[PDB]
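Asks: Line by line, the protein sequences are chains A, B, C, D, E, F, G, H and I.
PDB author numbering puts the first residue of the first sequence at 2, with every later residue one more than the last.
PDB author numbering puts the first residue of the second sequence at 75, with every later residue one more than the last.
PDB author numbering puts the first residue of the third sequence at 2, with every later residue one more than the last.
PDB author numbering puts the first residue of the fourth sequence at 84, with every later residue one more than the last.
PDB author numbering puts the first residue of the fifth sequence at 2, with every later residue one more than the last.
PDB author numbering puts the first residue of the sixth sequence at 2, with every later residue one more than the last.
PDB author numbering puts the first residue of the seventh sequence at 182, with every later residue one more than the last.
PDB author numbering puts the first residue of the eighth sequence at 9, with every later residue one more than the last.
PDB author numbering puts the first residue of the ninth sequence at 1, with every later residue one more than the last.
Heads up, the beta-carbon is just placed ideally off N, CA and C, and yes, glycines get one too.
Structure below; questions to follow.
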Amino acid sequence: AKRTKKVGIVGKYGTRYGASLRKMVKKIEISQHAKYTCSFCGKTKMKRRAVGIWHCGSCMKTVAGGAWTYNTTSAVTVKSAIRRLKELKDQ
Amino acid sequence: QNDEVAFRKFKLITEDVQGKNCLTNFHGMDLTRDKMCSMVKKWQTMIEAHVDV
Amino acid sequence: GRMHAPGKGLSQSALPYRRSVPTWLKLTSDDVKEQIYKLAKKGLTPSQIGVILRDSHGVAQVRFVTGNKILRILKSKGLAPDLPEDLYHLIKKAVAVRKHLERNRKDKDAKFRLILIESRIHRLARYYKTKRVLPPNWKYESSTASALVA
Amino acid sequence: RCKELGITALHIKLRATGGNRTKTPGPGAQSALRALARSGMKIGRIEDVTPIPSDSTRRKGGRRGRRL
Amino acid sequence: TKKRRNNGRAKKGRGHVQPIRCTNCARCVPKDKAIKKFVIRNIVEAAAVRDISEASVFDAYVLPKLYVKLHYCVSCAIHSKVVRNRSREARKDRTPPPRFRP
Amino acid sequence: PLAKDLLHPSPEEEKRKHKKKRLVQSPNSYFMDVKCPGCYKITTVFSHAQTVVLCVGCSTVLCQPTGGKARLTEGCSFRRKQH
Amino acid sequence: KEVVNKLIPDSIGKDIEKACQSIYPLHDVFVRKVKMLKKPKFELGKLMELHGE
Amino acid sequence: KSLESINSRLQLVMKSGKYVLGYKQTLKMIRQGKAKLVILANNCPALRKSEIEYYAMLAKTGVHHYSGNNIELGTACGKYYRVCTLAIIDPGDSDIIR
Amino acid sequence: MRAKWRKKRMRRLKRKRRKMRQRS
RNA sequence: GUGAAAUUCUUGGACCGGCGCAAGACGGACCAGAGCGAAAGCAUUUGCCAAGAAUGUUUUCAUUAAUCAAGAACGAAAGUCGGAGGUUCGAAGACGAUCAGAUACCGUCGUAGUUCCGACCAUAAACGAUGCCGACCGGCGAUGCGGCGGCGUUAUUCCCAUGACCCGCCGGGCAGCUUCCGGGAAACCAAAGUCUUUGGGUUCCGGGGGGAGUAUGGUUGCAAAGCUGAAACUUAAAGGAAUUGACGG
Ligand SMILES: [Mg+2]
Ligand SMILES: [Mg+2]
Ligand SMILES: [Mg+2]
Ligand SMILES: [Mg+2]
Ligand SMILES: [Mg+2]
Ligand SMILES: [Mg+2]
Ligand SMILES: [Mg+2]
Ligand SMILES: [Mg+2]
Ligand SMILES: [Zn+2]
Ligand SMILES: [Zn+2]
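Right, here's the structure in full:
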């Protein structure tokens, strides 16, 4: 059955730290402990090892990423901009 | 120009001066305000294009 | 009026009052059946088969010249598609919209169109399961539908 | 002042307030230009140089305007 | 009572029309509701054309026109007398007043 | 007119009216014989064809599908089928 | 040099108008504006041969 | 238009032609000289891709680098598992022109 | 009053009532 | 800067003119009783991505449909939360004026906000103050899209295609003018007609004015608030459309 109405993963914190802080950390913890689909082997086994470090259990590929998500939106936009500037630089 | 149209202007920035003569080179052109405003009319479409070249 | 659009278009096809095969049509029933079988082996849906037959081979209605409809002929020979054509195309459209949506999260218009498409899919599937064309436990799953089409 | 500094002709560039604000030149344009003409100064080209935004920031006064 | 069939604006098959600022008071007026006047006035007064022509360095100089489009809220349009109240029947005609060429 | 004869319309207004709104539905399309120059065989082509029709003996296009009617390639002869 | 001299009568706009007649007629076709974005180092000989011979 | 065409043709290769799914079976079919087309996901390891290309050159068979990945190639094949390499023995649908 | 300002006055009064009831 | 002023900036060069740099907003004029979208809404170029109405169809399925409690998606602006950004404008606030007073209208400055991304909220005169689907019932000239048919002009080219115009027809739209179709209390409406000659299908919803969209209960929401929602008591009128008169800074 459903065990909690809204706290979900931050039910481990009990009544402590405040509702807004628990709500704030809930999404970050979900993204932190989620298992991502590896873009090298295709298996959903890419998970965080340390802060910013993401490892895949299948192909043993370690990727440097975000603290809580596998990649940040900032880095994705940066990669797109770098690709655009590289293809502009040469002709 | 001796007998060209008058609604066209030129920028002609100065690069070098020798003696009492300032020497200019092309810097840009533009139409006059009245010509541009008179060209735009209703019940018609205008097409605007820009290109770096 | 359209099912999911506020459009009241009238563009249809006016089938002629003459049900007789035209005299210049030399094609016999077996020849048309062979053409349908070949075009089905090429992978054409019955709508495309009818379009090709009308455009190129000069047959007006397959039902008029053979006595049977195209899907009837395919099902009789046993090479009719497992999914109905329009249901297949609706699932294909929904899969395409979902593929576009998982990259463009802000496309709320695409979400609205996806909702409309899935409503159409479920209504068509309910009709087909009532007619027992589909298995009675047939269900459209948005996650696993992508392998069923294309 | 121009005559005592040896200038005999003048190109004219009329300007209004421009920008997001009004585009009609003030009451002084006509009299200033006519006085320049009647003072012996020669007149050359005339052109409007009012700043026209391709589109501007929000004009002051609120959405209900200047209530008077 | 519904005074006008079109509600005093040109919006027919639209939901929203972008607003414009009144040229007199800077009021946010819908673009299809505002009174528009496109004045094409000589850049010099008709009293001063002769003096400018005399003081021109050119012989056949064509004086510039001034192209200004004006937008008014109906408050400023009525107060500035460009538009006037009309009788109930006379409100229904859309033909602009004649130019008075002669 | 209070006494329009709905039973016997003349062919002019019968042809101008919409295909569905006629007294009896009649398609506006037809079938045509198409002669490609340099080829002897004859292809029966729909007047409103939605596909590119090709000669089986020559790699030549006969019609280009458009919004309403397939535009025949130039140099190609065509006639009607039984009105 | 021969860009500036050919935009002096705006032959570019005239051939643009001539080229666009098969799509939709155009009447007031001009190069409304050109601006100078980058310049090559100001070689004095080039400026001199633009002014002189 | 190329991606939708290859997806439709791959769907029609299934249910109508002889194929084989996977790396080991693809190599087996290639060295038996009966694989007429090899399709590779761009997710393929570069060493595996290069080796399969060398095998294809030796056997004179075509290689198509699929514009998806092993998950999407598996979906395009109609399967619920990832396929990274596959070989068509005979299409039955003119994916491979005579 | 203007109906909008009666609405605003009523909203202020409703907030005050909610506060007083919560105080118990 | 204003009706006039004043706060304010100014021999420290303020304002003005010129040349550049930086930033963030904003996409004029073209722009229309024009288009698209379920609405909210949507206007710089170019590319990509899916989507769509209308039209054409001698293509296919063959009743799969219309409206819909519960439920679901979207939902202007303002407001809330987190992160960027903050040019202008500008709630609050400060000051200068006006004034009998002036906590305002006017002016100067200026916070939140207005900008982007992510998450809430679910309200507008969210209007056509006008449910959806279907059928019938006047005329006319236009407009946008698609298709069809025709003198001709034009673009290149040698001709037809194909564009740009001209004249018509068909289908779907935004509308407009006229009408003793008919309706209505009338204003007005070709729908607000086809209604005592009352019945095409269906959904939501009103029962004199206040109290009151209030109290209470329940529920959603971080909050603001949203949804459901009385009663006591009070009142003989409140309202709608039109006419005459009076009055109008
Ligand atoms: Mg006033
Ligand atoms: Mg009134
Ligand atoms: Mg609105
Ligand atoms: Mg908002
Ligand atoms: Mg913030
Ligand atoms: Mg200010
Ligand atoms: Mg009903
Ligand atoms: Mg009551
Ligand atoms: Zn991996
Ligand atoms: Zn105003």
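Residue range of the beta strand (DSSP E) that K66 of chain E falls in?
Replies: Position 65 of the fifth sequence, counting from 1, holds the residue named residue 66 of chain E. Note, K66 of chain E: beta strand (DSSP E), 66-73.
Asks: What residues from the region 36-52 of chain A come within 9 Å of chain H, judged by C-beta to C-beta, listed N to C?
Replies: Within the region 36-52 of chain A, the qualifying residues are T38, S40, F41, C42, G43, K44.
Asks: Can you list the alpha helix (DSSP H) stretches of 4 or more residues lying completely in the region 103-142 of chain C, in chain order?
Replies: Fully enclosed alpha helix (DSSP H) runs of 4 or longer: 109-131.
Asks: For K83 of chain B and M103 of chain B, what's the separation of their Cα atoms in angstroms?
Replies: Here residue 83 of chain B is taken as the residue at index 9 of the second sequence, counted from 1. Here residue 103 of chain B is taken as the residue at index 29 of the second sequence, counted from 1. Cα to Cα, the separation comes out at about 5 Å.
Asks: Just checking: is the beta-carbon of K32 of chain E within a distance shorter than 8 Å of some beta-carbon in chain B?
Replies: The sequence position of residue 32 of chain E within the fifth sequence is 31, counting from 1. So, not an interface residue.
Asks: Can you check whether the C-beta of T106 of chain B is within less than 8 Å of a C-beta belonging to chain D?
Replies: In the second sequence, counting from the first residue as 1, residue 106 of chain B sits at position 32. So, interface residue.
Asks: What are the partner residues of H208 of chain G, as DSSP defines its beta bridges?
Replies: Working through the seventh sequence from its first residue, we reach residue 208 of chain G at position 27. Answer is none; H208 of chain G lacks a bridge partner.
Asks: Does any C-beta atom of chain B lie closer than 8 Å to the C-beta of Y73 of chain E?
Replies: Stepping through the fifth sequence from its first residue, residue 73 of chain E is reached at position 72. No, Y73 of chain E does not count as interfacial toward chain B.
Asks: Output yes or no for whether 8 Å exceeds the beta carbon distance between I10 of chain A and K27 of chain A.
Replies: As a position in the first sequence, residue 10 of chain A is number 9, starting the count at 1. As a position in the first sequence, residue 27 of chain A is number 26, starting the count at 1. Cβ distance < 8 Å, so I10 of chain A and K27 of chain A count as in contact.
Asks: Does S57 of chain C have its Cβ less than 8 Å from a Cβ in chain F?
Replies: Residue numbering aside, residue 57 of chain C sits at position 56 when the third sequence is read from its first letter. True, the Cβ-Cβ gap to chain F drops below 8 Å.
Asks: Cβ atoms of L115 of chain C and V98 of chain C: under 8 Å apart, would you say?
Replies: Walking along the third sequence from the start, residue 98 of chain C turns up at place 97. Walking along the third sequence from the start, residue 115 of chain C turns up at place 114. In contact: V98 of chain C and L115 of chain C (Cβ atoms closer than 8 Å).
Asks: Who are the neighbours of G44 of chain C on chain H, taking C-beta pairs under 9 Å?
Replies: Sequence index remark: in the third sequence, residue 44 of chain C carries index 43 (1-based). Correct list: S16, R17, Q19, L20, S24, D101.
Asks: Are the beta-carbon atoms of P108 of chain D and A120 of chain D separated by less than 8 Å?
Replies: Residue mapping note: residue 108 of chain D aligns to position 25 of the fourth sequence, counting from 1. Residue mapping note: residue 120 of chain D aligns to position 37 of the fourth sequence, counting from 1. In this structure, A120 of chain D does not lie closer than 8 Å to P108 of chain D by Cβ.
Asks: For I36 of chain E, which beta-bridge partners are listed by DSSP?
Replies: Here the question's residue 36 of chain E lines up with position 35 in the fifth sequence. Beta-bridge pairing links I36 of chain E to E:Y73.
Asks: Does any heavy atom of ligand 10 sit closer than 7 Å to the C-beta of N105 of chain C?
Replies: Numbered from 1 along the third sequence, position 104 holds the residue referred to as residue 105 of chain C. No, the Cβ of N105 of chain C stays beyond 7 Å of every heavy atom of ligand 10.
Asks: Whole angstroms is fine: what's the gap from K107 of chain C's alpha carbon to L89 of chain A's?
Replies: The residue you call residue 107 of chain C lines up with position 106 of the third sequence. The residue you call residue 89 of chain A lines up with position 88 of the first sequence. When rounded, the distance between both Cα atoms is 29 Å.
Asks: With a cut-off of 7 Å, give the chain-ordered residues whose Cβ is closer than this to any heavy atom of ligand 10.
Replies: Those satisfying the condition are, in chain order, D:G148, E:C23, E:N25, E:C26, E:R28, E:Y73, E:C74, E:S76, E:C77.
Asks: With 16 as the cutoff for other CB atoms within 10 Å, does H208 of chain G come out buried or exposed?
Replies: Within the seventh sequence, residue 208 of chain G is the residue found at index 27, counting from 1. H208 of chain G comes out exposed.
Asks: Can a CB atom of chain D be found closer than 8 Å to the CB of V45 of chain E?
Replies: Numbered from 1 along the fifth sequence, position 44 holds the residue referred to as residue 45 of chain E. By this cut-off, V45 of chain E is an interface position.
Asks: What does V58 of chain E reach in chain D if we use C-beta pairs closer than 8 Å?
Replies: Position 57 of the fifth sequence, counted from the first residue, corresponds to residue 58 of chain E. Those are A92, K125, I126, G127, listed as they occur along chain D.
Asks: Following the continuous alpha helix (DSSP H) through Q113 of chain D, name the residue where it begins and the one where it ends.
Replies: Residue 113 of chain D sits at position 30 when you count from the first residue of the fourth sequence. First-last of the alpha helix (DSSP H) with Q113 of chain D: 111-121.
Asks: Taking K125 of chain D as the reference, give the member of D:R117, D:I135, D:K106 with the closest Cα.
Replies: The count along the fourth sequence starts at 1 and reaches residue 125 of chain D at position 42. The shortest Cα separation from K125 of chain D among D:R117, D:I135, D:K106 belongs to D:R117.
Asks: In the DSSP assignment, find the unbroken alpha helix (DSSP H) run with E55 of chain E in it and report its ends.
Replies: As a working mapping, residue 55 of chain E is identified with position 54 in the fifth sequence. Residues 50-56.
Asks: Just to make sure I have the definition right: I need the residues of chain A whose C-beta is within less than 9 Å of the C-beta of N50 of chain H. Which are they?
Replies: Position 42 of the eighth sequence, counted from the first residue, corresponds to residue 50 of chain H. Simply none; closest approach about 11 Å.
Asks: Within its chain, find whatever has a CB closer than 8 Å to the CB of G69 of chain F; leave out the 5 residues flanking it on each side and keep chain order.
Replies: Mapped onto the sixth sequence, residue 69 of chain F falls at position 68. Excluding sequence neighbours, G69 of chain F sits near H49.
Asks: Leaving out the 5 sequence neighbours to the left and right, which residues in its chain are closer than 8 Å to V21 of chain H when beta-carbon positions are compared?
Replies: Sequence index remark: in the eighth sequence, residue 21 of chain H carries index 13 (1-based). Taken in chain order, the residues that qualify are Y27, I96, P99, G100, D101, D103.
Asks: Run the CB neighbour count on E59 of chain H, radius 10 Å, all protein chains shown included, and call it buried at 16 or more, exposed below.
Replies: In the eighth sequence, residue 59 of chain H corresponds to position 51, counting from 1. When all chains shown are included, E59 of chain H counts as exposed.
Asks: Got a sec? Which residues, its chain only, sit under 8 Å from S21 of chain C by beta carbon, not counting five neighbours each side?
Replies: Residue mapping note: residue 21 of chain C aligns to position 20 of the third sequence, counting from 1. So the qualifying residues of the chain are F65.
Asks: Would you call the region 41-49 of chain E and the region 81-92 of chain E in contact, with 3 or more CB pairs under 8 Å?
Replies: Too few Cβ pairs lie closer than 8 Å, so no.
Asks: With a threshold of 7 Å, establish whether the CB of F41 of chain A neighbours any heavy atom of ligand 9.
Replies: Stepping through the first sequence from its first residue, residue 41 of chain A is reached at position 40. Result yes, Cβ under 7 Å from ligand 9.
Asks: Taking the alpha carbon of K16 of chain F as the reference point, which residue from F:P28, F:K5, F:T44 has its own alpha carbon closest?
Replies: Residue mapping note: residue 16 of chain F aligns to position 15 of the sixth sequence, counting from 1. Answer by Cα proximity: F:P28.
Asks: Against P65 of chain E, what residues of chain B qualify as contacts under a CB-to-CB distance less than 7 Å, listed in chain order?
Replies: Here residue 65 of chain E refers to the residue found at position 64 when the fifth sequence is read from its first residue. Chain B residues near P65 of chain E: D108.
Asks: With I71 of chain C as the anchor, note down where its alpha helix (DSSP H) starts and where it stops.
Replies: Stepping through the third sequence from its first residue, residue 71 of chain C is reached at position 70. Residues 71-78.
Asks: Got a sec, what are the start and stop residues for the alpha helix (DSSP H) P97 of chain E sits in?
Replies: Counting from one through the fifth sequence, the residue named residue 97 of chain E turns up at place 96. No alpha helix (DSSP H) holds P97 of chain E; DSSP gives it neither H nor E.
Asks: Could you check whether the Cβ of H80 of chain E sits closer than 7 Å to any heavy atom belonging to ligand 1?
Replies: As a working mapping, residue 80 of chain E is identified with position 79 in the fifth sequence. Yes, the beta carbon of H80 of chain E sits closer than 7 Å to at least one heavy atom of ligand 1.
Asks: Are the Cβ atoms of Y73 of chain E and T24 of chain E separated by less than 8 Å?
Replies: Indexing the fifth sequence from 1 puts residue 73 of chain E at position 72. Indexing the fifth sequence from 1 puts residue 24 of chain E at position 23. It is a contact, given that the beta carbons lie within the stated cut-off.
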